[PDB]
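Read off the chains here:
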Amino acid sequence: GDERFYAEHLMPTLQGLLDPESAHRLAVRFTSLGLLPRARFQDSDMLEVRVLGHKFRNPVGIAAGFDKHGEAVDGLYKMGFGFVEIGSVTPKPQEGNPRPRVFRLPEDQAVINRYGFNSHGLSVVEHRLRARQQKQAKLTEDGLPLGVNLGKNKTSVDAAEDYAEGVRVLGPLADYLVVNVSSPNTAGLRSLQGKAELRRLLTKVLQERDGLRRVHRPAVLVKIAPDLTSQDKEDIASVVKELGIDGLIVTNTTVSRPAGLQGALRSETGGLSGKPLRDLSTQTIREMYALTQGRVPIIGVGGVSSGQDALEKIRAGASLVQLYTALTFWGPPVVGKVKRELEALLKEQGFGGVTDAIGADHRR
Ligand SMILES: Cc1cc2nc3c(=O)[nH]c(=O)nc-3n(C[C@H](O)[C@H](O)[C@H](O)COP(=O)(O)O)c2cc1C
Ligand SMILES: CC(=O)c1sc(Nc2ccc3ccccc3c2)nc1C
Ligand SMILES: CCCCCCCCCCC[N+](C)(C)[O-]
Ligand SMILES: O=C(O)c1cc(=O)[nH]c(=O)[nH]1
């Protein structure tokens, strides 16, 4: 709905008026009510991707964290996303961290957040998704799949049981599930990425998933940090292949603060997202793709705000990409912008479609 107006006039006006959390809440409300122009960009056949046992009309999804509670799914498809991921959802409802807990860094086109898994909980989200389950079944059939991202409660003793509960409750409503072991905002969570902990956790998750009826049986992906050692990455790749994990989401936000950040709020605690994350995420995709021999589908995420950003991740090995932070600066028009630029670049670089470009850098 006109990039130039939103990017230069409307979005800076919303930014100037509202604190970032209030802006987020308003964005979810507006989106869920369908108060957005229905996006005019028609997805061309060259954007279609077949992966994770599904057809994706285009490879650009909304990352987890925007719609934590499954309130705005239909409005997100209307915005032009090829797939929607909701969550993270925790088993019991929980408030998350005290405010303020989200910070804009406009000079860096970055955000820092420390939400800490504010979640309505499995029960509430389950009912919300059940109320539109058949509509989603038709959307998925039409190439618009739904992912559900699972987290764990702050005070839970048994992390694996939290994730298992999510698989049992929301697995039947999802095209894919995400085991989020990479939030920087829940104490101890990232240690679940370690080899032995990950293996134990994912064995249980996969056992639970395999016990679901065939038509309600989702793909299972693991979402990983951009801050892992080489050893961590080798270990993850090994466990993923040992267990037959269906895919990886690469990456969550970073606890690093790259040299050069200008924002006044750069030293706030939390995960950093947006442009300063972009190439760190792209390099993690590149490494994970090589470690899995290109055989494990990757959803690439972190700092995507253009067609070039999307294509760099795809050529590095991503089958699909997501964005979030760019929406907070450019607004809804960024979605069509990314898709139009991606298509133009695929054509310029001689690819027949997205599928041909996946991992292309590794064959160079
Ligand atoms: C405010 C905010 C909340 C987020 N919440 C979640 C979450 O609950 N679960 C999750 O897996 N990732 C979460 N993320 C991470 C995003 O899904 C994504 O991995 C990261 O922000 C990098 O993409 P981006 O640069 O396009 O935002 C959140 C990110 C932001 C900015
Ligand atoms: C953290 C976050 O999601 C919000 S979202 C946002 N701005 C808006 C504001 C309005 C929006 C309307 C539709 C879609 C996205 C929108 C984004 N700013 C922030 C800081
Ligand atoms: C019942 C447990 C309360 C969970 C509160 C989570 C915040 C409420 C709405 C979240 C919107 N966010 C703040 C995610 O935009
Ligand atoms: O809820 C959060 O704090 C959160 C979760 C997550 O996975 N990533 C993130 O940046 N924030």
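- Structure determination for this PDB entry is given in the record as X-ray crystallography, at a resolution of 2.05 Å.

Remarks on the pattern of salt bridges
So, point 1. Counted according to the given criterion, the structure contains 23 salt bridges.
So, point 2. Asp74 serves as the salt-bridge partner of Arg132, at 2.9 Å between the closest nitrogen and oxygen. Taken together, the residues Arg132 in the loop between α4 (122–130) and α5 (133–141) and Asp74 in helix α3 (residues 73–78) connect sequence positions 58 residues apart.
So, point 3. According to the relative accessible area criterion, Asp74 is partly exposed, its value standing at 29%.

Things to note about the site of ligand 4
So, point 1. Around ligand 4, the structure places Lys68, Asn113, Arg114, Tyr115, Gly116, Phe117, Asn180, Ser183, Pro184, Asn185, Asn252 and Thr253.
So, point 2. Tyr115 places a polar main-chain atom, nitrogen or oxygen, 3.1 Å from an oxygen atom of ligand 4.
So, point 3. Here an oxygen atom of ligand 4 sits 2.9 Å away from a polar atom, N or O, in the side chain of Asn180.
So, point 4. Surface burial for ligand 4 is 91%, taken as the share of its 290 Å² of free accessible area covered by protein chains.

Here we look at the pairing of strand β9 (residues 219–224)
Each regular strand displays side chains that alternate between the two surfaces of the sheet.
So, point 1. Across the 6 residues of β9, 6 count as buried, placing the element largely inside the fold.
So, point 2. By the alternation rule, side chains of β9 split into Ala219, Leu221 and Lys223 and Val220, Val222 and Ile224, which are all buried.
So, point 3. When strand β8 (residues 176–180) meets β9, the two strands line up parallel, connected through 5 bridges. Across the sheet, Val178 pairs through a bridge with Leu221, a residue of β9.
So, point 4. Crossover connection from β8 via helix α7 (residues 195–210) to parallel β9: handedness right-handed.
So, point 5. With 4 bridges joining them, β9 and strand β10 (residues 247–250) adopt parallel strand pairing. In the strand pairing of β10, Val222 is matched with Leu248.
So, point 6. With helix α8 (residues 230–243) bridging β9 and its parallel neighbour β10, the resulting β-α-β unit is right-handed.

Structural notes on unusual backbone geometry
So, point 1. A cis amide bond, omega 5°, links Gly87 with the succeeding residue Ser88.
So, point 2. In this structure, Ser88 sits in strand β4 (residues 83–89).
So, point 3. In this chain, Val250 is followed by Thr251 through a cis amide linkage whose omega measures 15°.
So, point 4. Considering the arrangement of structural elements, one finds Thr251 in the loop between β10 and β11 (271–274).

What counts and what doesn't
Residues numbered from 1 in each chain as written, not as in the entry; some residues may be left out. Chains lettered and ligands numbered in written order. Heavy atoms only, no water. Salt bridge = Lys/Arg side-chain N within 4 Å of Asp/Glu carboxyl O. Helix = DSSP H or I, 4+ residues; strand = E, 2+ residues; numbered from the N terminus. Buried < 20%, exposed > 50% of the residue type's maximum accessible area, 1.4 Å probe, protein only. Near = heavy atom within 4 Å. Polar contact = N/O pair within 3.5 Å; in protein donor to acceptor, adjacent residues only side chain to side chain. Areas by Shrake-Rupley, 256 points an atom, 1.4 Å probe, with all protein chains shown as cover. Pairing = 2+ DSSP bridges. Right-handed = clockwise from strand over helix to strand, strands pointing away.

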